Amino acid sequence: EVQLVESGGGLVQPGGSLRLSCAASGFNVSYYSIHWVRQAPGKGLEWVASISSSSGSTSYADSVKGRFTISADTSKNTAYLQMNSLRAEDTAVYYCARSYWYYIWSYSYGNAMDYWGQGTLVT
Amino acid sequence: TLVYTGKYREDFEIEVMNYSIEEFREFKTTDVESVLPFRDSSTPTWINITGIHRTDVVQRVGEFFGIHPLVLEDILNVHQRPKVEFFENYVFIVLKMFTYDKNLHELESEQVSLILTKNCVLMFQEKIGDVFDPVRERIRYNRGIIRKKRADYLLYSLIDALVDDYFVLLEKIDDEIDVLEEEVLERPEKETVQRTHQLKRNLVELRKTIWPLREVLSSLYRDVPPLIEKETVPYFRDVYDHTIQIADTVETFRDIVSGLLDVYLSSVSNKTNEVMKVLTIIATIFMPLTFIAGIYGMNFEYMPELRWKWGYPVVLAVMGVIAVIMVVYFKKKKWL
Amino acid sequence: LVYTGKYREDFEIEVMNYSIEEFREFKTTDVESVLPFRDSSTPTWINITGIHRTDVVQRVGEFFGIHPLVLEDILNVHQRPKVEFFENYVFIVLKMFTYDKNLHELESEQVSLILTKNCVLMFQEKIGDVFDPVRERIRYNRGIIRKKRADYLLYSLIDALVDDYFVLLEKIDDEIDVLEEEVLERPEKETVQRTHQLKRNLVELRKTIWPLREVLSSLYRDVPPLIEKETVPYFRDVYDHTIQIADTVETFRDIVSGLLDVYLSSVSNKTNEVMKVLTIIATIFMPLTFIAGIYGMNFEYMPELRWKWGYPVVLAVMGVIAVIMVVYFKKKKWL
Amino acid sequence: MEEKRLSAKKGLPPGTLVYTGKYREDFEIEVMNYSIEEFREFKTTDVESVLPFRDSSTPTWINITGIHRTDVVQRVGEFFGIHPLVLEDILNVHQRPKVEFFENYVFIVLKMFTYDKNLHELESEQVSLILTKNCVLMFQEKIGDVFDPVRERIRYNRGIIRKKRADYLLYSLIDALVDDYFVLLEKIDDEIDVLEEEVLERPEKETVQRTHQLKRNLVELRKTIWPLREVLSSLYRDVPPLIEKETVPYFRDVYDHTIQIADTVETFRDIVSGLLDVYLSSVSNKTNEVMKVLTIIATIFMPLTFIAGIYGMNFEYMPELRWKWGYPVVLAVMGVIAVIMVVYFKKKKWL
Amino acid sequence: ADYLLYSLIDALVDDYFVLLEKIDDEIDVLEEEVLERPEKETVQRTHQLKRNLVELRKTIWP
Amino acid sequence: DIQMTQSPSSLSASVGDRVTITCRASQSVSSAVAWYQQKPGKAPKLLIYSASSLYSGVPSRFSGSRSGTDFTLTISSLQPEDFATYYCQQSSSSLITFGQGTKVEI
Ligand SMILES: [Mg+2]
């Protein structure tokens, strides 16, 4: 029932700007945190950004900090990833994932990404 | 009067910052008179005296800023519970930093006194090395909201950095607990017992430090004296809840570590039983054989000791018979 | 009335007047100054040292018009701490302890607190107390002790007692450090003597902390007209301090119990290792003892009549047996 | 849970009330009727001499000592309206402390303890209290109780007891009980002191009999004090209509005392559990010394006997080929190895 | 609905009684085993049962 | 920043065997380590969180453990469906970091 669908991929000229959107179904983005995970062609997974819709708090990877901008729309139940100053090193498959917080100790917490979107291609 | 109690007299240093909305300056000096007139600037300041062994500098800054000698001797004292004092012109707080070594398991403490006066914060430290680097980077790199607020927000940022270091020490202890639990699970030894006791004492010392810290932050976010300003109260509530987290974690860690060693302690003298098993089986099997070897080893030539039936094979046969009987009698009640 | 205390070494009368304007201290060994202080408007602190000379106690009791029952209770020593409320005054009974090096004992001497009008009366049998911080605060004009009334003086005295408890547990922690080192690498009988003595001392402190909590709660709840309000949070803070002290005492008890348990492990670990040494020696020398016994025979018809290097062969057999025994020991981790 | 009813006993006829304890020597009835102005005392043996005190307009304290006489218990209960099951509870001393609230009275079961030095045994006497109208009925088991301070307070008009009603009398009696409990625990503290000294110095076999006796006594004390704490909490919080709601804070004070006593009992249990372990440690130390002796002689001799048997050999060929008169050489070798072994043992401090 | 709250809480207390019966059975088996043949498994079970009892009392008093 | 070294970079084994992948963290990550299986051309699938807890719907073949700072993922008995790329993640910090990936191939 829980589904994540990405859109906004495709070819973009280097130094341009692109906007990825992630439609969420089966859950409300206001209750979960939404992640963007990047996989270069023939390379391992790389975390990009996370958004907590209710709080509005964001976190960006060092690679894309300053350039990228994550956001979510509570009314549309979708998450967005504004990508600016794109370079040839940024071409990869972009994934949209839903995570939940779990509990280790009173001081430490973690999160695990249950549901992933099929991904999009950005060059 | 005005005597230094701590053991840190290695070095002295002053590290002063001054930051505003658009103008920022930071300089390190060695003369107490240079950093004196900073109390009157509306720009928030941060005076840091790194060596408190030199009582002259502490006395000079106390007399110049007009703080009573009682808080000065409180600053000098190191064997003090963390506490906060409120007055008309300045608020005096006492904290304690911590340090852990992964190679050798010991925990070291160091007292830091915080004083807030108008747009100035005074921080007295015993030795070089602190946990306030993130606040320094936030000052020097145009980030956060540190330079848009007063000295109360600086007090917040320092205390928040301290509790963050507490979380880091908790992470290190978490790793130690996991490793020690695995060891005690499969490698019980005297060194493990000593390490467990050291962890217990470190944890109880941490807890004894934790309670006054929570008291201080509670008094900070609830008393709300006019010098702290009501804008920064929710931040102090946040770090109060962080202290709550720290206390809960140390409670759980103490429980785990104290409960680790009970089974191993009670599972002693069961090994003594195994040493019994071995010592008794060899004794019982081998004393009779040497005994009857001595019996037939009597040297007076008048025994029926002639060739007769082959003496050595018969003796070896009865050796085997006695040994087999001894083995058969044993293991009846699950020996060996 | 009959005296019960065991301290009669010294006597002293100590009174103090402090207020917003200025403070004056009076020291004397006679009662020529204590009597007029009752009518003083400013709050005052009357400290009496030594209940052995009951003349002064009964004189100040009759002067203040207090019931002889509280006089007897002040003269009493082995009574359990408690408080009594009266219309004109409040009766409060407390305890305090100390600790010294080379002597591991707990001694308790009573302090009886009488608060009435604007004067506070405290009775102590022996010279020496822990009310130094409040006296220093009064003298050097610190805090809000001068601006408030006698109820704040009572609160400050109780808080000073709490600070005394904190420093006493600090000293006990030092003793725990010493005993931990001794248990770690000096196991003897004096070790358990000291450990169990200190464990029982922690027991006594835990038993002590409960009536103090009870009397603090009694002050917290009723709020008699003698108390002039705006001090309830202070009593609540002292209550929280007592809770913290109790939990710290519990942790100290746990630490010393663990020390005792590890001592009893090291004992019988010694027996295990001694038995190990004896058993390894026995099982590596009794087989070869039997072997040497076999050949030490002398039969008329006996084998190996003449074989070259028979003694070297026997020595090789002994070496093989020793090697296999040592291999078994290395397998078992006994040595 | 179930409507109250007399139980059926196999060995007794259906309507039988039986005294369950073991004391049958003393019987007396003592009354202290008192008011604000006048009080009266008289001990008696006639039970009809105390019955007309049911309808007194002033507080009265009937104290029946000796409940082996089921006659007096049954007669008083029938005259005062006490239900037969409550009489069965009074006569049954193999019981735990409890409080029961009825429409017309309150029924309480309590326990007094006496600890005897030089014969380490703890004894229990059950006392039952019935508070009704203006009376307090006390059914004791034998002579000797803890209520002398209450008696002298009534006699000599000290305190505020005569200004109040029978509920304050029930207060006074329970408070005296709890004070004696404090006395009992200090006596047990002294016994722990002497037992600890003995087990640290001279660990005999009878000392562990004493430790187990102390442990069992402390278990009995806990099993008694916990229901007493529940009784005091119920008297403080459930506030039956027989207490006038003005004496409740006093019951709160007694409840706090019960809290303290229970805490002390638990801590004493911990101390005794530690003492047993210390005894085992001492005995293992003695056994360890015996081990050290056995091991050192075995180590320094048995290999030498092996070597002697190695040279105590009969052969036709001499592979030893003795040179330079080597019998003293072998003696010196054994002496040297023995000296080395004893030096090693001294280094390990076994000797 | 308050009576429904009662019904649920009473069911909870009843299953605590059932649990107590089970724990009594375990104590019985453990004491027979530890008095007939003591090993490391027996003492491990004893300590685990003691920890379980501590958890039960810390639950039952609140 | 947390660096996680997931070794070996590749693995060769047949069905029914027991294969383990370890993962070392640069410094202290408490227990927030998760494992993912990514068959080629598809999205990753969560196998284990908290370093030892199976996600729902995952077969009991996979297991995880932690001994201090190194985290091991173990398959009791392989299957034809178990040949994929396995990733190591830490969630101790707000900046999530992955491992380079281990491929299980015949
Ligand atoms: Mg011989």
# chains A, B, ... in the order shown; residues from 1 in each chain; ligands from 1
$ interface_residues --of "chain B" --to "chain F" --cutoff "8 Å" --atoms "only C-alpha atoms" --output "list in words"
residues 171, 172, 174, 175, 176, 178, 179 and 182 of chain B
$ interface_residues --of "chain C" --to "chain D" --cutoff "8 Å" --atoms "only C-alpha atoms" --output "MDAnalysis selection string"
chainID C and resid 192:193 200 203 207 210:211 214 264 267:268 270:271 274:275 277:278 281 285 288:289 292:293 295:298 305:306 309:311
$ select_by_dssp --residues "range 2-105 of chain F" --states "strand (DSSP E)" --output "PyMOL selection string"
chain F and resi 4-7+10-12+19-25+33-38+45-49+53-54+62-67+70-75+85-90+97-98+102-105
$ write_last_selection --atoms "C-alpha atoms" --output "PDB file, in the first residue's frame"
ATOM      1  CA  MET F   4      32.481   2.633   7.214  1.00  0.00           C
ATOM      2  CA  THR F   5      34.718   0.064   5.520  1.00  0.00           C
ATOM      3  CA  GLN F   6      32.639  -2.903   4.351  1.00  0.00           C
ATOM      4  CA  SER F   7      34.949  -5.797   3.492  1.00  0.00           C
ATOM      5  CA  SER F  10      33.291  -9.260  -3.219  1.00  0.00           C
ATOM      6  CA  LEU F  11      32.296 -12.771  -2.200  1.00  0.00           C
ATOM      7  CA  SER F  12      32.086 -16.109  -4.009  1.00  0.00           C
ATOM      8  CA  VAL F  19      28.766 -16.298   4.202  1.00  0.00           C
ATOM      9  CA  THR F  20      29.584 -13.367   6.483  1.00  0.00           C
ATOM     10  CA  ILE F  21      30.238  -9.708   5.689  1.00  0.00           C
ATOM     11  CA  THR F  22      31.891  -7.486   8.287  1.00  0.00           C
ATOM     12  CA  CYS F  23      31.797  -3.697   8.487  1.00  0.00           C
ATOM     13  CA  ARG F  24      34.105  -1.420  10.482  1.00  0.00           C
ATOM     14  CA  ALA F  25      33.171   2.078  11.639  1.00  0.00           C
ATOM     15  CA  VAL F  33      23.648  -0.019  11.738  1.00  0.00           C
ATOM     16  CA  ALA F  34      21.350  -1.361   9.027  1.00  0.00           C
ATOM     17  CA  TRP F  35      21.809  -3.788   6.142  1.00  0.00           C
ATOM     18  CA  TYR F  36      20.337  -3.588   2.642  1.00  0.00           C
ATOM     19  CA  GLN F  37      20.182  -5.994  -0.292  1.00  0.00           C
ATOM     20  CA  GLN F  38      20.143  -4.470  -3.777  1.00  0.00           C
ATOM     21  CA  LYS F  45      15.617  -3.811   0.471  1.00  0.00           C
ATOM     22  CA  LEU F  46      15.941  -3.492   4.243  1.00  0.00           C
ATOM     23  CA  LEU F  47      17.153  -6.675   5.949  1.00  0.00           C
ATOM     24  CA  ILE F  48      18.344  -5.751   9.455  1.00  0.00           C
ATOM     25  CA  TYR F  49      18.200  -2.683  11.694  1.00  0.00           C
ATOM     26  CA  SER F  53      16.981  -6.976  14.521  1.00  0.00           C
ATOM     27  CA  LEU F  54      15.304  -8.591  11.524  1.00  0.00           C
ATOM     28  CA  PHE F  62      20.076 -13.434   7.519  1.00  0.00           C
ATOM     29  CA  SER F  63      21.428 -12.438  10.915  1.00  0.00           C
ATOM     30  CA  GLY F  64      23.417  -9.542  12.298  1.00  0.00           C
ATOM     31  CA  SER F  65      25.701  -8.932  15.238  1.00  0.00           C
ATOM     32  CA  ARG F  66      27.900  -6.267  16.799  1.00  0.00           C
ATOM     33  CA  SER F  67      31.129  -6.635  18.792  1.00  0.00           C
ATOM     34  CA  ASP F  70      32.669  -3.887  13.732  1.00  0.00           C
ATOM     35  CA  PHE F  71      29.295  -5.179  12.516  1.00  0.00           C
ATOM     36  CA  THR F  72      28.849  -8.558  10.826  1.00  0.00           C
ATOM     37  CA  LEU F  73      26.025  -9.755   8.579  1.00  0.00           C
ATOM     38  CA  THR F  74      25.730 -13.533   8.259  1.00  0.00           C
ATOM     39  CA  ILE F  75      23.584 -15.818   6.098  1.00  0.00           C
ATOM     40  CA  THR F  85      24.889  -6.487  -3.305  1.00  0.00           C
ATOM     41  CA  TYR F  86      24.818  -5.857   0.449  1.00  0.00           C
ATOM     42  CA  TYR F  87      25.298  -2.404   1.967  1.00  0.00           C
ATOM     43  CA  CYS F  88      26.308  -1.143   5.409  1.00  0.00           C
ATOM     44  CA  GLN F  89      24.767   2.022   6.884  1.00  0.00           C
ATOM     45  CA  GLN F  90      25.145   4.051  10.071  1.00  0.00           C
ATOM     46  CA  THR F  97      26.860   7.257   5.534  1.00  0.00           C
ATOM     47  CA  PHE F  98      26.792   4.000   3.559  1.00  0.00           C
ATOM     48  CA  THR F 102      29.733  -6.362  -1.043  1.00  0.00           C
ATOM     49  CA  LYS F 103      28.602  -8.569  -3.922  1.00  0.00           C
ATOM     50  CA  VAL F 104      27.725 -12.227  -3.353  1.00  0.00           C
ATOM     51  CA  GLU F 105      28.192 -14.133  -6.607  1.00  0.00           C
TER      52      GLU F 105
END
$ interface_residues --of "chain B" --to "chain E" --cutoff "8 Å" --atoms "only C-alpha atoms" --output "JSON, numbers by chain"
{"B": [262, 263, 266, 267, 270]}
$ interface_residues --of "chain B" --to "chain C" --cutoff "6 Å" --atoms "only C-alpha atoms" --output "VMD selection string"
chain B and resid 272 279 290 293 297 306 to 307
$ residues_around --residues "range 98-109 of chain B" --least-positions-apart "5" --cutoff "9 Å" --atoms "only C-alpha atoms" --output "list in words"
residues 165, 166, 169, 172, 173, 176, 195, 198, 199, 202, 205 and 206 of chain B
$ write_last_selection --atoms "N, CA and C atoms" --output "compact mmCIF listing (two decimals), in the first residue's frame"
# COMPACT_ATOMS: atom_id res chain seq x y z
N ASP B 165 29.39 16.91 24.73
CA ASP B 165 30.54 16.10 25.13
C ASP B 165 30.12 14.97 26.06
N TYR B 166 29.13 15.23 26.91
CA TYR B 166 28.59 14.16 27.75
C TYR B 166 28.03 13.02 26.89
N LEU B 169 30.95 10.98 25.48
CA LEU B 169 31.48 10.07 26.50
C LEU B 169 30.55 8.88 26.70
N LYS B 172 31.29 6.38 23.97
CA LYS B 172 32.50 5.60 24.26
C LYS B 172 32.23 4.53 25.31
N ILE B 173 31.49 4.88 26.36
CA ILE B 173 31.15 3.90 27.38
C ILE B 173 30.25 2.81 26.82
N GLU B 176 32.54 0.38 25.20
CA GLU B 176 33.24 -0.38 26.23
C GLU B 176 32.34 -1.43 26.85
N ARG B 195 38.32 -4.63 35.25
CA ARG B 195 37.74 -3.69 34.30
C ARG B 195 36.28 -3.43 34.61
N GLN B 198 36.12 -1.09 37.55
CA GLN B 198 36.48 0.26 37.12
C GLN B 198 35.32 0.92 36.39
N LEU B 199 34.64 0.17 35.52
CA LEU B 199 33.48 0.70 34.82
C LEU B 199 32.37 1.08 35.80
N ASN B 202 33.42 4.32 37.54
CA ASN B 202 33.32 5.42 36.59
C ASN B 202 31.87 5.83 36.40
N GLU B 205 30.52 7.67 39.49
CA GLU B 205 31.05 9.03 39.49
C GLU B 205 30.32 9.90 38.47
N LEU B 206 30.05 9.36 37.29
CA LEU B 206 29.31 10.10 36.27
C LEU B 206 27.93 10.48 36.77
$ interface_residues --of "chain B" --to "chain A" --cutoff "12 Å" --atoms "only C-alpha atoms" --output "list in words"
residues 163, 164, 166, 167, 168, 169, 170, 171, 172, 173, 174, 241, 242, 243, 244, 245, 246, 247, 248, 249, 250, 251, 252 and 253 of chain B
$ write_last_selection --atoms "N, CA, C and O atoms" --output "mmCIF file, in the first residue's frame"
data_model
loop_
_atom_site.group_PDB
_atom_site.id
_atom_site.type_symbol
_atom_site.label_atom_id
_atom_site.label_comp_id
_atom_site.auth_asym_id
_atom_site.auth_seq_id
_atom_site.Cartn_x
_atom_site.Cartn_y
_atom_site.Cartn_z
ATOM 1 N N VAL B 163 27.075 19.432 27.308
ATOM 2 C CA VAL B 163 26.213 18.251 27.325
ATOM 3 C C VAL B 163 26.434 17.394 26.076
ATOM 4 O O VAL B 163 26.287 16.162 26.122
ATOM 5 N N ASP B 164 26.812 18.009 24.952
ATOM 6 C CA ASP B 164 27.169 17.219 23.777
ATOM 7 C C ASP B 164 28.390 16.349 24.055
ATOM 8 O O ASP B 164 28.436 15.174 23.658
ATOM 9 N N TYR B 166 29.127 15.230 26.913
ATOM 10 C CA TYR B 166 28.588 14.157 27.747
ATOM 11 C C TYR B 166 28.032 13.024 26.891
ATOM 12 O O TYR B 166 28.259 11.842 27.181
ATOM 13 N N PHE B 167 27.305 13.370 25.827
ATOM 14 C CA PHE B 167 26.783 12.346 24.921
ATOM 15 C C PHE B 167 27.910 11.554 24.262
ATOM 16 O O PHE B 167 27.807 10.332 24.084
ATOM 17 N N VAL B 168 28.991 12.237 23.877
ATOM 18 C CA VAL B 168 30.128 11.548 23.257
ATOM 19 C C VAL B 168 30.762 10.557 24.233
ATOM 20 O O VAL B 168 31.099 9.416 23.868
ATOM 21 N N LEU B 169 30.954 10.981 25.482
ATOM 22 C CA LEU B 169 31.481 10.075 26.496
ATOM 23 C C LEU B 169 30.552 8.884 26.701
ATOM 24 O O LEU B 169 31.010 7.753 26.916
ATOM 25 N N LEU B 170 29.240 9.120 26.629
ATOM 26 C CA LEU B 170 28.283 8.020 26.710
ATOM 27 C C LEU B 170 28.476 7.032 25.567
ATOM 28 O O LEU B 170 28.368 5.820 25.765
ATOM 29 N N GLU B 171 28.735 7.533 24.357
ATOM 30 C CA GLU B 171 28.987 6.636 23.228
ATOM 31 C C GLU B 171 30.215 5.766 23.476
ATOM 32 O O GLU B 171 30.199 4.551 23.215
ATOM 33 N N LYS B 172 31.294 6.376 23.972
ATOM 34 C CA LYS B 172 32.501 5.601 24.259
ATOM 35 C C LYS B 172 32.228 4.527 25.306
ATOM 36 O O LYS B 172 32.673 3.377 25.169
ATOM 37 N N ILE B 173 31.489 4.882 26.358
ATOM 38 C CA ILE B 173 31.147 3.902 27.382
ATOM 39 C C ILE B 173 30.249 2.808 26.817
ATOM 40 O O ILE B 173 30.333 1.653 27.240
ATOM 41 N N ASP B 174 29.373 3.147 25.871
ATOM 42 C CA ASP B 174 28.539 2.145 25.212
ATOM 43 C C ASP B 174 29.409 1.102 24.521
ATOM 44 O O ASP B 174 29.188 -0.111 24.660
ATOM 45 N N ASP B 241 16.247 18.704 29.199
ATOM 46 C CA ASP B 241 15.793 17.398 28.730
ATOM 47 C C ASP B 241 16.961 16.534 28.263
ATOM 48 O O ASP B 241 16.934 15.305 28.421
ATOM 49 N N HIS B 242 17.999 17.156 27.700
ATOM 50 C CA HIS B 242 19.202 16.401 27.355
ATOM 51 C C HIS B 242 19.853 15.801 28.597
ATOM 52 O O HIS B 242 20.311 14.651 28.582
ATOM 53 N N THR B 243 19.909 16.572 29.684
ATOM 54 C CA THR B 243 20.437 16.040 30.939
ATOM 55 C C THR B 243 19.579 14.888 31.443
ATOM 56 O O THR B 243 20.094 13.922 32.022
ATOM 57 N N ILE B 244 18.263 14.983 31.247
ATOM 58 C CA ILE B 244 17.378 13.870 31.586
ATOM 59 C C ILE B 244 17.782 12.615 30.821
ATOM 60 O O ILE B 244 17.852 11.512 31.384
ATOM 61 N N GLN B 245 18.049 12.768 29.521
ATOM 62 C CA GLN B 245 18.506 11.639 28.711
ATOM 63 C C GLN B 245 19.796 11.047 29.264
ATOM 64 O O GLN B 245 19.947 9.819 29.343
ATOM 65 N N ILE B 246 20.744 11.911 29.632
ATOM 66 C CA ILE B 246 22.029 11.441 30.145
ATOM 67 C C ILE B 246 21.832 10.637 31.424
ATOM 68 O O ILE B 246 22.440 9.574 31.612
ATOM 69 N N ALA B 247 20.987 11.139 32.326
ATOM 70 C CA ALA B 247 20.737 10.440 33.580
ATOM 71 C C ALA B 247 20.094 9.080 33.340
ATOM 72 O O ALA B 247 20.472 8.084 33.970
ATOM 73 N N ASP B 248 19.113 9.016 32.438
ATOM 74 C CA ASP B 248 18.478 7.732 32.151
ATOM 75 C C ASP B 248 19.485 6.735 31.590
ATOM 76 O O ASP B 248 19.488 5.553 31.968
ATOM 77 N N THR B 249 20.354 7.198 30.690
ATOM 78 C CA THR B 249 21.342 6.300 30.104
ATOM 79 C C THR B 249 22.324 5.791 31.149
ATOM 80 O O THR B 249 22.695 4.612 31.132
ATOM 81 N N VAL B 250 22.778 6.663 32.053
ATOM 82 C CA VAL B 250 23.728 6.192 33.058
ATOM 83 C C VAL B 250 23.046 5.229 34.026
ATOM 84 O O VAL B 250 23.671 4.269 34.489
ATOM 85 N N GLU B 251 21.764 5.451 34.337
ATOM 86 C CA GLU B 251 20.998 4.475 35.110
ATOM 87 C C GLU B 251 21.027 3.101 34.450
ATOM 88 O O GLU B 251 21.367 2.090 35.085
ATOM 89 N N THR B 252 20.684 3.050 33.160
ATOM 90 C CA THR B 252 20.645 1.769 32.456
ATOM 91 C C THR B 252 22.025 1.119 32.396
ATOM 92 O O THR B 252 22.160 -0.098 32.586
ATOM 93 N N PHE B 253 23.059 1.916 32.121
ATOM 94 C CA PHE B 253 24.411 1.378 32.013
ATOM 95 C C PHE B 253 24.892 0.823 33.346
ATOM 96 O O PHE B 253 25.522 -0.241 33.389
#
$ select_by_dssp --residues "range 95-270 of chain D" --states "alpha helix (DSSP H)" --output "PyMOL selection string"
chain D and resi 148-155+166-201+206-237+248-270
$ residues_around --residues "residue 91 in chain D" --least-positions-apart "4" --cutoff "10 Å" --atoms "only C-alpha atoms" --output "PyMOL selection string"
chain D and resi 17-21+67-70+73-74+85-87+95+126+128+139-141
$ closest_atom_pairs --of "chain B" --to "ligand 1" --cutoff "12 Å" --atoms "only C-alpha atoms and all ligand atoms" --output "Markdown table"
| residue | atom | partner | partner_atom_place_in_ligand_line | distance |
| --- | --- | --- | --- | --- |
| B:290 | CA | ligand 1 | 1 (Mg) | 8.8 |
| B:291 | CA | ligand 1 | 1 (Mg) | 9.6 |
| B:292 | CA | ligand 1 | 1 (Mg) | 10.6 |
| B:293 | CA | ligand 1 | 1 (Mg) | 7.9 |
| B:294 | CA | ligand 1 | 1 (Mg) | 5.8 |
| B:295 | CA | ligand 1 | 1 (Mg) | 9.2 |
| B:296 | CA | ligand 1 | 1 (Mg) | 9.7 |
| B:297 | CA | ligand 1 | 1 (Mg) | 6.5 |
| B:298 | CA | ligand 1 | 1 (Mg) | 8.5 |
| B:299 | CA | ligand 1 | 1 (Mg) | 9.7 |
